[PDB]
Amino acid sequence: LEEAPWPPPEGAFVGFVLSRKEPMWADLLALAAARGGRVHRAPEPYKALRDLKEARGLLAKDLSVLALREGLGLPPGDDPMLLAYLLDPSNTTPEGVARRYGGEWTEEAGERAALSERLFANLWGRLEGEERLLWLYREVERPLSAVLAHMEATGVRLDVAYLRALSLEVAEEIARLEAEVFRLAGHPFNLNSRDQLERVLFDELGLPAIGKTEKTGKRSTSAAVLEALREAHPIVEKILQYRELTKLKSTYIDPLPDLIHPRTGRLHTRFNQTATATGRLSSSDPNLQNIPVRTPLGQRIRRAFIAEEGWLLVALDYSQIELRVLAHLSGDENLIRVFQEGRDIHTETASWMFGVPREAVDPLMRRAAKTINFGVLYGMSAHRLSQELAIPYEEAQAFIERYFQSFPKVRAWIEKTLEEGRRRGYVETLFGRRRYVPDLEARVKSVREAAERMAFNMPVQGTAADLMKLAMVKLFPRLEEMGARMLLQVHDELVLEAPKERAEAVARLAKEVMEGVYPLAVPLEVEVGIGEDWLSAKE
């Protein structure tokens, strides 16, 4: 492969090496390109970046993110990963893709640029006459790679000094719980060690072991088990509280302050485009799609995510999203009618569950209600439901009968999808995104029924993922015309940063864009809110 001097011509494929996996933190150790049987190895990578019209290759977005960090508007174009991920969503890493489709993922920039060339050719051949996947690539994923590059580069502002103060109060409160716990135990032990805790609960005290752990068969100390033991002993309550506080302290309060980038003074997630089986995104390195909200301390954490001074945050969340999508995919007249009447299923279940007026339903209850409703739908057992509702197997049985009885045509939709998946080996979204579910023909029932549950979930969760992705592609250009930013996506939610002056305008627009993104047999309602912080914005 011919070594040509550096500058590549128009349309050349890129290859690059990083010091570490995160583009906002990485040093650019090497940069190369390749077109028409040639390799160009940049002598100084950072300068060499100025020459490029676009990032075109494996992980184009990562290089575009790093380019944006350096003031360069190098947008991402073609990426063989995005092609492979639509061909098969188990195609998730370049190591795997390379091997599957005719190369080897190396550590040298040149070799990676040549890999990008030959992998694109092969994969692009695999997609000719795959009309719906080509549609998805050009009209959703490829433009989206650019939108995410801008989100990553921008980041979100975080109240550092606030969280540092919060850390010290939690540490005091944690210390009280461990000191209580040890006193009831009658001796000190590492309370973060679940093995030690097992012995204390089940051997040293006479507590009944509810469940075992999957891989190694140890007696489980899961919150579920511990809730079932709330009355057995006082120490349980303390353990549950200790578990909440240390989880949040070790995962959010302490790491996040130390992850502020020095140039930006902001927090930059990575939005992994080829990471899930359904077509959802994932967020990592810091994961900002799992920031706390539920518990009071979780909320105090969430409010640490704030706007730039002079700006406001704008949070938009699709209402009852996967239920609405389901009603379209199934055509359940009875279920459509619920959304045509503007009724909230999460509130109805909540009001019913706790036995209260709908106006009394709080967020805590509503969250519990979602578990009930999605759980049933996707195949939760009567056994579990009973404990989730905390009511008899007699009565919890009757719920899966009545819930399903209201809305037929779904089960008809479930059966159909599974039969199609048996026949063709995959299932698909409304836009023809595929997931191969080969264990539908599995001879072992537990493995078969697991596969089935994954199978009929995907079209629903994945269609919703496609809608949110599409809405993002359409919305992003309109935001930059308004001098507003797109900050985060949390599956069916978007978080925007708009200047106070234009904040309400952005909110109105972005709602209409999201609701009208692709009309269906049901109206896609969106809840929007505005605030100085993330918590206030959703309230």
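All residue numbers refer to positions in the sequence shown, first residue = 1. Note that the rigid core is defined as the largest set of C-alphas that superpose within 1.5 Å between two forms.
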- Item | Divergent stretch in 8 other deposited structures of this protein, 112-120 or 440-448 [C-alpha RMS, superposed by the core] | 440-448
- Item | Stretch with larger C-alpha RMS deviation in 8 other deposited structures of this protein, core superposed, 395-403 versus 146-154 | 395-403
- Out of 60-68 and 33-41, which one has CA B-factors that are higher on average in the deposited record? 33-41
- For the higher mean C-alpha B factor in the entry, choose 388-396 or 189-197. 388-396
- If you compare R433, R266, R402, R219, which has the highest Cα B-factor in the entry? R402
- Query: Between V147, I301, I235, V314, where does the Cα B-factor run highest in the record?
  - Reply: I235
- Message: Quick check for you: using the entry's CA B-factors within this chain, is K249 in the lowest, middle or highest third?
- Response: lowest
- Hey, what third does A498 fall into on Cα B-factor, ranked over its chain? middle
- Chain third (lowest, middle, highest) by recorded CA B-factor, residue given as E480: middle
- Message: Going by the CA temperature factor in the PDB record, which third of the chain does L524 belong to: lowest, middle or highest?
- Response: middle
- CA B-factor placement of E10, once the chain's modelled residues are sorted into thirds: highest
